Amino acid sequence: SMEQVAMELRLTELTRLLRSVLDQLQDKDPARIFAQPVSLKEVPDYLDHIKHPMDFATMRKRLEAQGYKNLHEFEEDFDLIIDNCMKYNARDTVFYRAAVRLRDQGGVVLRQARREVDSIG
């Protein structure tokens, strides 16, 4: 139908905007701490601690399959990256501190993304 096509064009355009959001958030992680999944070879107990692992590569795979239907879903995954790290790692670690800085800096980007998503519809 023509309606399914229109809906599909909306999703495509959301995917465009989320790709730009993702790039902007990932620039806020210049050490690449959150770029890839925590390795279960190197952290073999990880899934005993963290039940829903997340990272920027995993998000990018979901994004490119148009697997984010709305900004809320995308933000859920970003918050998992931060929140998983702040539980597994102690306060005095470069990992925890990287997550705090990513959260603080990403807030700005996500604030305007929400306005854009609502504005363009």
- prompt: Of all the helices (runs of 4 or more DSSP H) wholly in region 37-102, which have at least 3 residues that are buried (at least 17 other Cβ atoms within 10 Å of the Cβ) and of a type in the set (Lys, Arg)?
  reply: none
- prompt: Checking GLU8 against (1) more than 20 Å from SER119 (Cα to Cα); (2) exposed (fewer than 12 other Cβ atoms within 10 Å of the Cβ); (3) of a type in the set (D, E, K, R), which test does it fail?
  reply: (1)
- line: Reported set for region 58-78 where residues are of a type in the set (A, V, I, L, M) and within 9 Å of the chain's Cα centre (by Cα) is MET59
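Those residues that are outside any loop (DSSP other than H, G, I, E, B) and of a type in the set (A, V, I, L, M), I need them from region 1-36; list them, please.
Within region 1-36, the first condition is being outside any loop (DSSP other than H, G, I, E, B), and the residues that meet it are 2-27.
The answer is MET2, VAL5, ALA6, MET7, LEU9, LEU11, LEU14, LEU17, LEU18, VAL21, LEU22, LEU25.
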- prompt: Considering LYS69, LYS87, which residue is touching a residue at least 12 places away in the same chain (Cβ under 8 Å), farther than 30 Å from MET7 by Cα and either in contact with a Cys (Cβ under 7 Å, 6 or more places away or on another chain) or not aromatic (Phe, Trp, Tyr) (or both)?
  reply: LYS87
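Note: ideal-geometry Cβ built from the backbone for every residue, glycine included; neighbour counts use all protein chains shown. Just so you know, all these numbers are worked out from the coordinates, no wet-lab data involved.
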